[PDB]
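One structure is given below, encoded as structure tokens.
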Amino acid sequence: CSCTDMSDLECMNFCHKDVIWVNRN
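Going by the authors' numbering, 13 is the number at position 13 of the sequence shown; the sequence numbering is gapless.
Laid out in structure tokens, this is it:
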């Protein structure tokens with residue numbers, strides 16, 4: 001995951017769209 005030519009929100013979008021803790025944490 002490389003977001004440097006990319007903002008924070010946009011990074012969270014593509015890089016955190018597969019986070020598993022969106023139900024259990």
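Ideal Cβ positions, reconstructed from N, Cα and C, are used throughout, including at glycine.
**Message:** According to DSSP, is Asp8 part of a helix, a strand, or is it coil?
**Reply:** helix
**Request:** Report all residues from its chain with a CB closer than 6 Å to the CB of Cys15; omit the five preceding and five following residues, and keep chain order.
**Result:** Exclusion of the five residues before and after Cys15 leaves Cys1 as the residues of its chain whose Cβ lies within less than 6 Å of its Cβ.
**Asked** Expressed to the nearest angstrom, what Euclidean distance is found between the alpha-carbon atoms of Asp5 and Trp21?
**Response** 26 Å
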